[PDB]
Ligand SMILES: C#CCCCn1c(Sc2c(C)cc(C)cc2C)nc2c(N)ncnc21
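To begin, one chain is listed below as structure tokens, in the form deposited without this ligand.
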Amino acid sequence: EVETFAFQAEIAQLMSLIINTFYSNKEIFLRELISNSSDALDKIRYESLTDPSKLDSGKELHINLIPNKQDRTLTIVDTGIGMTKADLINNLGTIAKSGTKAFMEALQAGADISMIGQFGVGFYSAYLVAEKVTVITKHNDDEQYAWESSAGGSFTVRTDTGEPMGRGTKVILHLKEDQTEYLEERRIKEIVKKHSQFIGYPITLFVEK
């Protein structure tokens, strides 16, 4: 049972800007997704300070980076707070309408695309490098869901049948054919050292057979 939704017009506009603007500095997508993972880990940590049972779904707070050259996918996994179904539908838990407005007024004032994360819509930078993005998420108060979009104005949401997650979010980037550099170990390491070197959670870069 798959539900198909239209993006709000402003978010479709944001996505088509990201996909169609000539902008060579695409590597910042990974900084932005790791930053969102760190924000999600901070949230479940804060809730656990007054209610330790919030970690019954998983005590370890970490980020995994999983490249898969056979599938041409880069997956960013975190064990943060996750998202409910309602969060997923409501622009993956972001204030994306007003964030997109503020971003586009910043661009008019001399900002560039790399500042997207300052406006709360850094998730959508995934579309710098991915043709399709799948988000699998589990929040303590809801069931496990899969969101998916290849842009083009719509996204889908379905109950996830896959491997149970416990709690957190998995972003699966189905990379564009010309963006496979982001599956190479040395390139990922370079980007994490350049842009994410002070993130307060362990990051494990998986290797491949």
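The term rigid core refers to the maximal set of C-alpha atoms that superpose within 1.5 Å between the two forms. Residues that one form lacks are left out of the comparison. So that there is no doubt, residue numbering starts at 1 and follows the sequence shown.
Keep in mind that the form solved in complex with this ligand is missing from the display, and what follows is about it.
If you superimpose the site C-alphas and bring this ligand over from its pose in the entry with it bound, 3 or more of its atoms are within 2.4 angstroms of a backbone or C-beta atom of this form, and that means blocked.
Within 4.5 Å of any heavy atom of this ligand in the entry with it bound lies no heavy atom of residue 181. The closest non-hydrogen atom of residue 39 lies within 4.5 Å of this ligand in the entry with it bound. Using a 4.5 angstroms limit between non-hydrogen atoms, residue 129 is distant from this ligand in the entry with it bound. In the entry with it bound, the residues of 123-162 lying within 4.5 Å of this ligand by at least one heavy atom are, in order, 123, 124, 135, 147. At a threshold of 2 Å in C-alpha displacement, with the core superposed and only residues shared by both forms counted, 90-94 is the one segment of at least 3 consecutive residues that shifts between this form and the one not shown.
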